[PDB]
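Presented as structure tokens, the chain that follows is alone, the form deposited in one PDB entry.
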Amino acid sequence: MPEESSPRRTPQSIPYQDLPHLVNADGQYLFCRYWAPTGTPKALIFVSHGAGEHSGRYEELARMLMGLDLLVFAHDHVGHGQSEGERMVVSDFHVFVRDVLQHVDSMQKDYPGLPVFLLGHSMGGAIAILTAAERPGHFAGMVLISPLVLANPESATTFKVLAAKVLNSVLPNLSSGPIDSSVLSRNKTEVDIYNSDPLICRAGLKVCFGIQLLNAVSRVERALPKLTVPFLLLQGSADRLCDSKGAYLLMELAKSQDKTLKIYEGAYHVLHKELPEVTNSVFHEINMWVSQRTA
């Protein structure tokens, strides 16, 4: 008699049968999170995390949104956190967009008729933009926290040179250096938390993944004239990773009739984990913006 094989487990050895999950189109398990209110939800909102991190870092934002009577949901992107896949590798950047859409489509089956919002940060903001551009008119709104629209220009040249080198030869292990954690936030406690979290991948960026992030930048630029979704865009003026010029370009080139930019003077990249004055404002402004569009 044949027997069922041992249960599929996360990269951290936890059986997926013990966790909320979804299987993507490539047969890979994605770890999922849900924060639902006690009453009937006013809307759904998907939270899209950034490169090397994971959905658990959105706990406080998600609980705020749940307190507005939205049903919040998320998953760890392939290659990240508690989801399957080689760490920080993706066959094509569109895998991330496809998987968001699968999760959104699945949730709308269970909660039909509700508006759906997207919230994304950094790489996750690029994913959110491409998700909305693929389905014009489908999403009620998008909250973008320092989305990847243009990378730091000096850093971008580095990834472009390395890309051309790997694109010409066979160098599967080539990587750039790791992201300098000190540029993430002026809040030193949050920098220390980032450096302490075992679910964060702090290795150097593999050139193959950097190529896919360059693909995201190129695709985002082409998507802007197709973007009509309402959005709120939050950007630090001293962001050394996602250059503020990208935020201004998004405001200029998106066709959305409802678009708002808030600049945080002197703030670094991870605005929802910045100095308390900035983080409190970020939470408050997202609260107001979503409240006004779900009332």
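Note that the rigid core is defined as the largest set of C-alphas that superpose within 1.5 Å between two forms. One rule holds for the numbers: they count along the sequence shown, beginning at 1. Residues that one form lacks are left out of the comparison.
The next section is about a form of this same protein that is not shown, the form deposited in another entry.
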property	result
Rigid core superposition between this form and the one not shown: residue from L174, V89, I193, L101 with Cα shift of 2 Å or more	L174
Rigid core superposition, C208 Cα moves 2 angstroms or more between this form and the one not shown	no
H138 C-alpha relocation of at least 2 Å between this form and the one not shown, rigid core basis	no
CA of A163, rigid core aligned, shift of 2 Å or more between this form and the one not shown	yes
Large-shift segments between this form and the one not shown, meaning 3+ residue runs whose Cα move 2 Å or more when the rigid core is superposed	162 to 175
